[PDB]
J.: 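My structure is below; once you've seen it, I'll send some questions.
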Amino acid sequence: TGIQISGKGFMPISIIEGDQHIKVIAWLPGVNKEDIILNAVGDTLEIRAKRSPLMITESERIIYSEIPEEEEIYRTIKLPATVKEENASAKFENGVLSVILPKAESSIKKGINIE
Amino acid sequence: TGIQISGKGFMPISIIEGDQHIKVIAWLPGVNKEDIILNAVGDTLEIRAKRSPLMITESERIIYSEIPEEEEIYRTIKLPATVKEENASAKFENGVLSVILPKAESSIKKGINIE
Amino acid sequence: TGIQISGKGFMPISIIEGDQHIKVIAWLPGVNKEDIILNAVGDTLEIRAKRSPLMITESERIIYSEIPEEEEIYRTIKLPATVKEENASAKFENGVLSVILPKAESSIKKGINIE
Amino acid sequence: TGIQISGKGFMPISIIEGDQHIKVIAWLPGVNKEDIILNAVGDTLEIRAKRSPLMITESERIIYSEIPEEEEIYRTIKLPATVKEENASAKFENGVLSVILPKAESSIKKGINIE
Amino acid sequence: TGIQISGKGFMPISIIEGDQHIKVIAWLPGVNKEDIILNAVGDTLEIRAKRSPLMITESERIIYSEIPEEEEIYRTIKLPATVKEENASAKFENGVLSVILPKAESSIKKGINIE
Amino acid sequence: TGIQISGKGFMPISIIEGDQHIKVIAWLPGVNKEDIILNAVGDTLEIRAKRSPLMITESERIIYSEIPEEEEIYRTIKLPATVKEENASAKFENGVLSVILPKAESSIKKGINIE
Amino acid sequence: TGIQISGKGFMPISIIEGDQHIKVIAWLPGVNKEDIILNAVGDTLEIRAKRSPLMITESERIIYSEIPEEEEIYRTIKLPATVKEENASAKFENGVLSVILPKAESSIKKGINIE
Amino acid sequence: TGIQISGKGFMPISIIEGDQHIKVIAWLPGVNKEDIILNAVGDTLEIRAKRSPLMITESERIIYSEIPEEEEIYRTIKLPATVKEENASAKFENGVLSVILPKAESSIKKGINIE
Amino acid sequence: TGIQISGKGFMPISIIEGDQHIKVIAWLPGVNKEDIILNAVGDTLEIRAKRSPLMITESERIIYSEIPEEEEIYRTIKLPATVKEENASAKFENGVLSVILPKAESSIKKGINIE
Amino acid sequence: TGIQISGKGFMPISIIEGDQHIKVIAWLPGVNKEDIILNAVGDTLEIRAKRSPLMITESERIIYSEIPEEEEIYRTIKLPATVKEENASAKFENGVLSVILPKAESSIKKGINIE
Amino acid sequence: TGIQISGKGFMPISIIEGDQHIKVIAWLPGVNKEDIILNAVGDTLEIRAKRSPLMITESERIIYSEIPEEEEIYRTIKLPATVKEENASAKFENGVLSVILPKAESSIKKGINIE
Amino acid sequence: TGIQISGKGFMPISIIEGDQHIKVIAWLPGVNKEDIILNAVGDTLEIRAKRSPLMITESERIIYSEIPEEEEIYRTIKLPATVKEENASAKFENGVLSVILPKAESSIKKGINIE
Amino acid sequence: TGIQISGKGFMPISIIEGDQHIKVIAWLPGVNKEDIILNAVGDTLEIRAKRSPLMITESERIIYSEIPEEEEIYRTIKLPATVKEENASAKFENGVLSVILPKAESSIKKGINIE
Amino acid sequence: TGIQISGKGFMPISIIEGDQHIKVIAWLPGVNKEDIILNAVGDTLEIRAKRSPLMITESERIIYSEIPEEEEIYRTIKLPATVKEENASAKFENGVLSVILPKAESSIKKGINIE
Amino acid sequence: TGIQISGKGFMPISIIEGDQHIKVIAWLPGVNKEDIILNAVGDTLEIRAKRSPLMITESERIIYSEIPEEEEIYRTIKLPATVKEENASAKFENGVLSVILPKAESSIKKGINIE
Amino acid sequence: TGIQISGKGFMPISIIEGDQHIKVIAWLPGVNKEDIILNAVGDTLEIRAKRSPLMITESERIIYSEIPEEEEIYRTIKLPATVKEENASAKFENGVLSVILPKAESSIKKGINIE
Amino acid sequence: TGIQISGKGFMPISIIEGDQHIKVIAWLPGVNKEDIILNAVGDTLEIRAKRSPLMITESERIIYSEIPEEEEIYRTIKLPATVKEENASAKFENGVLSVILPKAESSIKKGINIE
């Protein structure tokens, strides 16, 4: 399986391969649904997102923090099969994005008989 | 500011202190609202959560993954002020939890005049 | 959870916290029941014990040993809650001591509603 | 004295040799008497045991622990003398096991006169 | 020759290239014939297998072992030529699997004359 | 348990001890049944085998290999009990050899009563 | 994004990807416009240039220098998309070269709807 | 320029790229012309050769040597352009082999005008 | 055997000593026969050669190279015997030079009888 | 010769093997004759001793010392032959102990003729 | 195979095990036949030898030497089988000693049938 | 206390100082009484001794040894007080030598009163 | 004394120089007398030998070995004097070769008178 | 070419070998012509020189210096050919000495024909 | 004394300061007098030179060399006093250049009286 | 100057070369004149000596020593010229030996004229 | 024994102590008898010497040297006993000086009786 991942930001990724489709799971906590861009062609997928920073009053101040302040995040993924992007689907729930991509006919493997 | 953090799992935390309240922000992507337990007394707050693992069919398999598989997560936080837990509030949205805690009368600071 | 452990000897310890009580488990192999002293006040517990050494005849001698020969052992434990020591209980069986300590009213945490 | 020790788990051991017998002392805190298996032949002794794990309610949780969670423990010991296993005896008290093994006639040493 | 190997488990591999075919040899000791899955398309081959673990009675126990206990094993191989999977063959004997894959017409090399 | 292993080649081994017998499991992928020699006496077992090397045509060549080319393999094993070799049995299946060896009367251990 | 850069000399490069085109910026200080060669096909671009060395009189001499004296410079770039070279354009100004390359129809990505 | 070299033996290589062809130069001292195999397809070239070892009489012996004794040598080369192998040519002289390979129409680059 | 080698360039050497002659083998790939100078006197041999560099057109360029560009090469060899240079011979074939040198009468060794 | 030495204290040892007996020499300076215990069976010998410490008056004090103050000393020795302990003898003189042990009939070696 | 080697001097050793005998080969250059002592019992063999030192005249002196000057040499070998020393044989030729030792009936291994 | 010790061999020493005398204890195991030389003058003492080496028969040999083979031993001791050597005494028993040396009048210390 | 040693194999050497001759001693255990070649001229000596390898039956196998398996051995020695090879002699006994070489008249040193 | 250089001082050297002569170049700045000694015999050359030190007045002093103050300098050179010293010549100019040495007839090399 | 030296090549320098002048000595072996340029102004001096390289015939070659082949050499020196360049002088002899520079009136130091 | 020194012992050496002779100085303190052997031939010199060891009475002993106890000492020296040993001379005084060796006619160097 | 050595130069020293005298041996090669100064008082000895340096002619020069060129040498020695310098004696022979010093009455040691 040839996998290429590139981009910037904090975004953990899981890839699941079946016999006839591919599933991608991405973690995007704090991002609105209307600020995500998803694109795909051939064997390549592209995810882009923005998250708004934490807004404080001037009376308030941050005394402890582990949450990063990158505003723009993106990933480019090269997949081990050619997909059909016209039949794909996606869902966003509790800050998790799930993409389902059906495989093309020329990438579906065939069985060999053992004796 | 005396801050104590302990627990287990993956859970980034931000603490914001104002003049009359304290705000806590926690990242919990993939957790249902009905699986969170929030408790507070004195100057101590406790957050407990469960996230369901990723369910696959036996035809499918995971070829790449960066998402951790801990099932139980919790944090215990000791705060720099005594709060009133009977007036507190919380919100859960896009996988982010936000807690607002009002301060007690014996922890509100008073000004000194400079000349 | 603020935990402080100090003392001397060999004595493994487990601490279990519930919603309304605290349980402590201690390993004391070879100690008689009438040679244990247990005390508690506030948020502090104290365990003291003696074990008799191995008595041999002058015809006999020790050719191999991994068992330590400390005679006095004790632990002092500072707990994350204030307990009521007048309602506590303890049991000793197969060399294991188990202590149950009920929590005070000012240390019982209260729930916050999420919406 | 040729001594061989092997096995798995946590089990400290002491060996005492006299003129006509051998004594073995083992530390087994938390084990029931009916879950110990003792065997011996020739110059070899075998001890097997099980200890039940710590059972909690789902309201409770373990915040500190030094007690190990191995469930099966055993030791195999090769001794410096041939014993008679038909005359041996054993005792279990406060989590300590004590085994007494009489020596065979062909392993009892004889004195040489000095002048 | 571009060769890509990925997967999990213990499975040694040999690849042999001729003028008109490719041969793959894999070591699978302890696997039943009906628990192997072989697939191929384009220039990629996929081998999946399961081996049952070693079953003991509770009187018996394992005192020495060098054999690994992974239950699921697989390999994905990217080959230096495009093959025809409809003419391929495979054999399984003494725990060794042998796969023969004929080459496509567009991957058969042609000679150049030297003078 | 006194275990001695020596020899040459690639041959993983598992040893299982019961109350009245000993089992040995060996991995020999690629070896014919008629090329194995098994011997035993006292507390010692001996396994010898040959595997034929991989035969190629001069048009073919090996471009990748992880399979070793030792031709002669053997193991000598010293066991923790004296066996009866006249009652032993062996099986060879899918490249795995399994040997069952009954114990002699002078190596069967006897129980000691605990009180 | 698969990017391959090779060549020789001093030539800093920037690559900008849009939705429908690719832009390349190169730094070539001291090079005449009529000494640049630009070529492209498929997903590959090639830049070649010459710069004349610094000409001095024999009365003059160089007492300090940080400017390199390579005479031939070139870069070969492999791009993450297939372009149409018949619609490309280029500009040279103040020693900076800018190339605009339109994308082919088979490399333009398509959107997936999220719900 | 994507270049891949693999193989075994001693064989220095030079690659020259023009506008419409590719030239490869290889050093093979001591090899007969009738013991060289040259093949090419797509963007890949393959060179195979044998050299006879140095034959001595039993009266003679080698007291100093820097010449290696590998008998089989080969190289596989992946080129940065697709060639036409039906129009290629080769020459062998003084132990040097020279191969000329014409480029295909889809790999010939086109010029871009600068203004 | 006293052997001295000196010179410059790339030139591997083998020396073979018999009972009545000495043979020298040298690797010179790419050198014309009319550009070699061979000299010998006493116990010293001298080899000098030139190789023409690789000539390219200005459209062409070298993108990969392992072949060295030294133009002048020579070796001086001091031998373990005095030779007769008036009876020597040499051959040049496939880029390999072979020199045969007969030994003088004062360097031919004589046998000693063993009893 | 299989030799095993174990014990505690300061006691240098020499072992001398003849054709029909074994001699052991031990250094015990400062030990009374009536405080030594010597035992032997099979192929094992055991030496035990006590030495009284240095007694001072309270006016006196030790300003320099290299003599050790261990009070109990012992050695256990496993020999390379089976002896007859009923025919052994021992002597003590100037702080040196000498033990003579005759060999059993089954440990006396026999000669092989060379031709 | 349990092998124990001990002794002093320079004496290389080879051990060969068959089905019914054991062979030992020892290198003793410079030793007379009448100065070798060979003994064996049980599973133990003993070789003792003396070699005379190099005798020079006072006019002569040693300007270079690699030959050691130990005068007494011996080896003790513990074998992996019990032998019959009354049927053994030995030969001495060109400074090499060869010993043949037949095996006892209780050390000859028996075959196990595989199915 | 100024103490100087010098000499050669193995000889442990203890020095005891009182109010009116000095005691020296030396360990000499294996030395005859008639082979000791004791001398003293001023503040210096001298001990010289010989021990006979271990005498073996040519049938016997030493297979293990920790006892040193120095034949001559001596110590020179410079003391922190001037003694009277005409009133000194010495004893030899079980390999231990004890010397008593009375102090001179000019080295006896006098008390100072504290108030 | 100028000494040069070269060659291959295992062969220890001693060189002894007198007033009128030179002696060489070589260790060759396991070599037949008819397989040695000795030559000398000027100030150079040459020793060549072969030893047959250890021949086993297929029932037998080598379980331990320290004896090397080089088949061809030789040494070349350059001496500090010119010898007369027509008066030399050699002996072979118990695997040791001894060569005596008389000196030439031009290498015999002459005395200088001291006053 | 056997070259030996020895001596003391600062004197850089160049050696040039032709077909019939040898040239030596030496750097001697600050040396008068009448203070050089040149000698040669066989294959050895010897150069000796003196340079006067820098003379100052007592008003003057040296505040910086890199020029060395050795007064005597010499070199001894062993050459790779025997020369005729009766036909040699030398020149001294601008502090550089040049020596030309013709070769003897027995060191002039002769050509070997190649075919 | 402020001294600054810069430039390139091999040129050792000595600087001598008096009461009324400055002397500079430079080593230039192999340089012609008509190829030196000397300049001075203020407190700065500049020396420039060329040396011709060593010219050989094509029959000749350089087998050893320590003389450097830089062709252009120069030094710039900043002096600790202001000089009058219109009264300066220079000499060149045996490859050594000597420059005398008179001091200006404003750099001549004046004495202070001590009492 | 080719100098070779070899031998054993303590013997410092100085070598002085003139135009027509060679001088050697050696330090031999404690050696009698009648125990020195001096030899020379060609270009080689040989010095041999004995010194008697230090003789003590049994009442006396050595408490400090820096003088070495080698009894035999020798040096072999290879000189840079051929000498005439029939005209040599030697002197011995205060433990210093001085040897004068005249040079042969073929080693006397001849002058070359410089212009 | 308190020994103090100080001074400068090369001078090895040996000190021998008897019952009634002290002997000192010093190595002074190359020193005349009339250039030595010997002094002693109390427990201290002083040796002073001069050696003339090696005198050469200006035709001669030193090409190798290990002999040091210190001109003044001396040693001061503090002894472990008070001597009588009016009864001392000294000898000088072959470059070795020997001094005999009788002991005073207050340093002669007295014996102590052992029982």
Side-chain angles (χ1 to χ4, degrees), chain H residues 57-61, chain I residues 17-19 108-115, chain J residues 114-115, chain K residues 10-14 23-36 49-55 65-68 73 89-100, chain M residues 5-16 21-41 44-56 66-77 79 83-102:
Chain H
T57 313
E58 66 274 14
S59 173
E60 316 172 334
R61 69 271 185 191
Chain I
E17 195 206 278
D19 275 305
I108 286 155
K109 289 216 195 61
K110 296 179 181 292
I112 309 160
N113 283 1
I114 315 177
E115 59 92 19
Chain J
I114 315 177
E115 59 92 19
Chain K
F10 176 79
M11 201 200 289
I13 288 290
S14 288
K23 196 169 298 166
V24 184
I25 291 95
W27 266 12
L28 301 164
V31 177
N32 270 300
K33 188 187 287 180
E34 302 84 0
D35 295 354
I36 310 168
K50 326 166 167 280
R51 49 165 67 108
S52 302
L54 164 66
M55 285 281 192
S65 196
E66 301 167 18
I67 286 159
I73 50 178
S89 53
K91 270 156 182 153
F92 193 49
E93 169 182 356
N94 296 319
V96 177
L97 176 77
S98 291
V99 193
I100 298 178
Chain M
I5 317 287
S6 82
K8 74 187 284 289
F10 176 79
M11 201 200 289
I13 288 290
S14 288
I15 308 175
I16 292 156
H21 70 288
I22 293 172
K23 196 169 298 166
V24 184
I25 291 95
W27 266 12
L28 301 164
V31 177
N32 270 300
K33 188 187 287 180
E34 302 84 0
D35 295 354
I36 310 168
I37 300 169
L38 257 178
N39 291 297
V41 80
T44 309
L45 181 85
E46 174 57 24
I47 310 165
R48 282 186 273 159
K50 326 166 167 280
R51 49 165 67 108
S52 302
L54 164 66
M55 285 281 192
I56 64 168
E66 301 167 18
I67 286 159
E69 285 328 68
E70 55 255 10
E71 206 268 330
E72 277 311 326
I73 50 178
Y74 77 97
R75 280 305 183 278
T76 301
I77 300 147
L79 298 168
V83 308
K84 312 185 284 193
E85 71 268 27
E86 67 263 18
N87 293 353
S89 53
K91 270 156 182 153
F92 193 49
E93 169 182 356
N94 295 319
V96 177
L97 176 77
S98 291
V99 193
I100 298 178
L101 299 163

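Chain A is the first sequence line, chain B the second, and so forth, proteins listed ahead of strands; every chain is numbered from 1. The figures that follow rest on heavy atoms only: side chains count, while hydrogens, waters and symmetry mates do not.
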J.: Please report the closest heavy-atom contact between K:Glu66 and M:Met11, naming both atoms and the distance.
T.: OE1-O, 4.4 Å
J.: Once rounded to the nearest 0.5 Å, what's the spacing between atom OG1 of M:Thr44 and atom CD of M:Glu85?
T.: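 Reported value, rounded in 0.5 Å steps: 10.5 Å.
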J.: Go through the structure and list residues passing salt bridge (charged side-chain N to carboxylate O under 4.0 Å, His left out) with M:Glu72, not counting sequence neighbours.
T.: M:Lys50
J.: How far apart are the closest heavy atoms of K:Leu97 and K:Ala90, and which atoms are they?
T.: CD1-CB, 4.4 Å
J.: Out of curiosity, J:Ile114 CD1 to K:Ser98 OG, how far, rounded to the nearest 0.5 Å?
T.: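 If I round to the nearest 0.5 Å, the distance is 11.0 Å.
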J.: Enumerate, atom names and distances included, each donor-acceptor pair closer than 3.5 Å involving a side-chain atom of residues 21-33 of chain M, sequence neighbours excluded.
T.:
unit_1  : atom_1 : unit_2   : atom_2 : d
M:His21 : NE2    : K:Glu60  : OE2    : 3.2
M:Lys33 : NZ     : I:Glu115 : O      : 3.2

J.: Take I:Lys110 and M:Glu86 through the side-chain contact (heavy atoms from CB on, under 4.5 Å) test and state the conclusion after the steps.
T.: CA-CA 8 Å; I:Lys110 296 179 181 292; M:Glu86 67 263 18; over 6 Å; no
J.: Calculate, to the nearest 0.5 Å, the distance between atoms CD1 and NZ belonging to M:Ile73 and M:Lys8 respectively.
T.: 9.0 Å
J.: Taking C-beta and beyond as the side chain, do M:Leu54 and M:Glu69 meet within less than 4.5 Å on heavy atoms?
T.: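 SC-SC contact between M:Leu54 and M:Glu69 confirmed.
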J.: Indicate the atoms forming the closest heavy-atom contact of I:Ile112 with M:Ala40, along with that distance.
T.: CD1-CB, 3.9 Å
J.: Can you measure from CZ (M:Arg48) to OG1 (M:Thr76) and round to the nearest 0.5 angstrom?
T.: 9.0 Å
J.: Flag the pair M:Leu38 / M:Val99 as yes when at least one side-chain heavy-atom distance between them is below 4.5 Å, and no otherwise.
T.: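 Side-chain contact under 4.5 Å: yes.
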J.: Measuring from atom OG of M:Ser89 to atom CG of I:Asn113, what distance do you get when rounded to the nearest 0.5 angstrom?
T.: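 Reported value, rounded in 0.5 Å steps: 10.5 Å.
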J.: Please say whether more than 12 non-hydrogen atoms of neighbouring residues, nucleotides or ligands are located less than 6.0 Å from NZ in K:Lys91.
T.: no
J.: Take H:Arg61 and I:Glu17 through the test salt bridge (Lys or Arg N to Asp or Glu O under 4.0 Å) and record every step on the way to the result.
T.: CA-CA 6 Å; H:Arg61 69 271 185 191; I:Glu17 195 206 278; 2.6 Å; yes
J.: Answer yes or no: is there a donor N or O on one side and an acceptor on the other, between the side chain of M:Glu46 and the main chain of M:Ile77, under 3.5 Å?
T.: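 No; zero donor-acceptor contacts below 3.5 Å.
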J.: Would you compute the distance between atom CD1 of M:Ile15 and atom OG of K:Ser65 and round it to the nearest 0.5 angstrom?
T.: 9.5 Å
J.: What are the two closest heavy atoms between M:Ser14 and K:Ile67, and how far apart are they?
T.: OG-CD1, 3.4 Å
J.: Taking side chain to side chain contact (heavy atoms under 4.5 Å, CB included) as the test, write out the residues that go with I:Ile108, two or more places apart.
T.: I:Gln20, I:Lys103, I:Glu105
